[PDB]
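Okay, here we've got a single chain as structure tokens, the form deposited in one PDB entry, with questions on binding and movement later.
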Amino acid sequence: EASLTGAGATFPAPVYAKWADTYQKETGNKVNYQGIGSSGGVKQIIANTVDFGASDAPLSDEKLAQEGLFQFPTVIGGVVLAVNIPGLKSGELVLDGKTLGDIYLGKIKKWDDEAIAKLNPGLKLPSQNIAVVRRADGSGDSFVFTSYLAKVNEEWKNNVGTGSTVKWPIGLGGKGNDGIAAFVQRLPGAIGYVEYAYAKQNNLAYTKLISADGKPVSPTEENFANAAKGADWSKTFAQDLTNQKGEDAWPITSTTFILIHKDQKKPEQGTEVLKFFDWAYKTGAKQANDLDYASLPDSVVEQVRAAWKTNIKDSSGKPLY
């Protein structure tokens, strides 16, 4: 029976928590996971205060090497726009990238703006102030969301840019996915970006979006998976899943990563971290799919296992997988 600690990204926290609960029931092993956001996950693994870190934003090959870290992907999810719009039900409103960016720039102030109406011709829209919500903490959702906005809105690209932290033009700061979800529930007219499970499991309304190919798409597990169908995983785990081509491709999709040290100074801990994630790849797909995360293809899992064998060792050079 091992006791393991992880910390970081809130994007996959619902599935990691479910996996950890099941794993304890089946094996006795205890995995404690603290949702502090991706930037904090990176900081904590570098400081050696946890057994594993978690970040939705990938580190570069060079940064991994400088830090003596190894990164591997777990699941595929989607970022959605949770909304609180009087008179509208979930899934009714459509936004496109340009107009979403103009909302986040503060240019569009009311839900019945002509640009929103044009995207939604048969819908009656209220004259409700838009209340923009964004992340306060350093965040992989912010990284993915601003990476998307920079592709679809030139003003955003040139003035705000992309990052885990940016100079937001407008918007209240929520801490974690949970904090944005709580703000959208409490504020008539809110819009906030959250990983899909935080909208669904909190009974929050959400929008459709226009795909890269120009078609309205609903956020679903299958549509997150579709956004990754063009990814050449053989080349790198650090795949860009925003604004990807193809039918029913959710435009704000991302995978998410675990970070561990290559030279394990507590090699029993590292061995047990690998066993937890291996168990999750072998047995955990229903639990992920229940929370609307798509599973990585088996080929990707096999790449992860092969890379564990060559990268993860004790201080004598012995592999831990």
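So that the term is clear: the rigid core is the largest set of C-alpha atoms that superpose within 1.5 Å between two forms. Residues carry their position along the shown sequence, with the first being 1.
Although it is not shown, the form deposited in another entry is what the next lines describe.
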**Report entry** After fitting the core, residue 168 CA displacement of 2 Å or more between this form and the one not shown
**Finding:** no
**Report entry** After fitting the core, residue 73 CA displacement of 2 Å or more between this form and the one not shown
**Finding:** yes
Report task. Tell me, please, whether between this form and the one not shown the C-alpha of residue 238 is shifted by 2 Å or more, with the rigid core used for superposition. Result -> yes
Report task. Kindly indicate if, in the other form, the C-alpha atoms of residue 43 and residue 156 are closer or farther apart than in the structure shown, bearing in mind the change is 3 Å or more. Result -> farther
Requested in this report: Mind checking the CA-CA distance of residue 13 and residue 208 in the other form? It differs by 3 Å or more from this form, so is it closer or farther?
Outcome: farther
